[PDB]
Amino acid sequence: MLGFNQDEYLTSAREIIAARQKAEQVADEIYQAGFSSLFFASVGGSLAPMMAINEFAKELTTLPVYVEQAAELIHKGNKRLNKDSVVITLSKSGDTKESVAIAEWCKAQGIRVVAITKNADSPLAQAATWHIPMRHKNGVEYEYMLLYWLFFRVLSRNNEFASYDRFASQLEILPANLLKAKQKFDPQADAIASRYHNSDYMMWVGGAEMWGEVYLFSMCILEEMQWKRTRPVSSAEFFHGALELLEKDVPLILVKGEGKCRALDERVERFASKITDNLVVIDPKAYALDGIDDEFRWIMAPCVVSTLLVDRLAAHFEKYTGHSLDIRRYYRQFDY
């Protein structure tokens, strides 16, 4: 497939599955020591999986769980962040300034920190209590998986996730299913990109546990890496003003969930189908997850969508725009 190497992808899966044990050990140490609140703090694309965690937490736990933009958090402080909190950070490079900053800030206050990053000698890990190795090359799904073993193991220990053992083992067969999903979607990825690569404006709609997917793809891929103008908006909030912008020629790409807010997504689908000639539906329910219990599909869904968009759809956009995904005109190009 264009812009894909199966060996690299399966190497990534093996490396992340090899970190399951460490993620579970960190979870167990956090639970056994005790904690007040869990703060998932990051910036940019690494927030997406954390916003999915927050959405799962809303339903599944009474524990205090928060997701925070790390620059806002270090400026404001937070009255619920205290010496018994655990702050979870994640950075592909291990150097991301805002993540290193919050980890160092916590360390100076005696607040425990998890660093999910490749190297134990990174600035992020050097500021942390625990390190979970994160050794994939490509795929935001692998960020989700490490966060899932960590978070859902805490919930299991807290008597709030009786299905953990099945979930955690089945999560290991997610990558093999994602590879199949990539193959199924690749032609549609090409069709979408062929049709919309020169669009002046695209509306991107989703929500709840899917919001992170929309948030990341729109800003971190389309805007940052293709210079395409987007309007990301939640399914629920679409009907409270953004809907007025939709018209026959306006692309709207709807990312659907498999949880309890799927009905909110379907409302958008029904409206858009009447108003625009340019509706694209990205529905993870179209993709099999063989060997995975259907009760876990709502949790897996953001990973399914990520593997389609961040990989396949990005590669096909790049094909038609002729704009390398690695170009930046400002980001990290000068001091600001």
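Numbers follow the displayed sequence, beginning with 1.
Averaged over CA atoms, B-factors in the entry run higher in 74 to 82 than in the other of 262 to 270 and 74 to 82. According to the PDB record, 323 to 331 carries the higher mean C-alpha B-factor of the two stretches 323 to 331 and 21 to 29.
Each of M210, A189, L254, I111 has a CA temperature factor in the record; the biggest one is found at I111.
Per the PDB entry, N119 shows the highest C-alpha temperature factor of the residues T89, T230, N119, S235.
Per the PDB record, residue ranking by Cα B-factor puts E68 in the lowest third of the chain. Sort the modelled residues of the chain by CA B factor and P133 lands in the lowest third. Sorting the modelled residues of the chain by their CA temperature factor places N278 in the middle third. Among all modelled residues in its chain, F56 ranks in the lowest third by Cα B-factor. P49: CA B factor in the highest third of modelled residues in this chain (values from the PDB entry).
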